[PDB]
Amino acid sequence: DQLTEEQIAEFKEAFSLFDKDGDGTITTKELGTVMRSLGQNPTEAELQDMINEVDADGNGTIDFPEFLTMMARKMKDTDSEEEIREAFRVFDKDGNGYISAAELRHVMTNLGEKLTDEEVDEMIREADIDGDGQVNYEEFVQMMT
């Protein structure tokens, strides 16, 4: 949590990864995807105070630069804990604070070993993502096979 070549360089990727359009323009919606995609849990309001924040043209689009500036500021409210607790929260479907010790084990080793961060990113790229960040999990299977 401190703007640095790497930090930034990374922040680009995530931004590039969810700009379906293909031209540096993350939508209010694409914005959330980006953040969750980094461990943050932006509230629908929070994502709003962010669009209006800078963008005063109501274009609803966000330029990497703006994004970067935002992140930098909101970076203070990011500690290892929340990030972690979000990962595990993906495995909590019904949302009961409870998760499959199993599903965990499986996803983490089986799929955690067959793939490398870079590979995860490469897939998501060619992958067919929509606004929300949804993707037909089969697409991934076809790739991985």
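Sequential numbering from 1, following the sequence displayed.
According to the PDB record, 21 to 29 carries the higher mean C-alpha B-factor of the two stretches 21 to 29 and 128 to 136. Per the PDB record, of the two stretches 58 to 66 and 80 to 88, 58 to 66 carries the greater mean B-factor over its C-alpha atoms.
Highest CA B-factor among the listed residues (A102, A45, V120, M35): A45.
Among the modelled residues of its chain, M71 has a C-alpha B-factor that falls in the lowest third according to the deposited record. Sort the modelled residues of the chain by CA B factor and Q2 lands in the highest third. Split the chain's modelled residues into thirds by C-alpha temperature factor. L111 is in the middle one.
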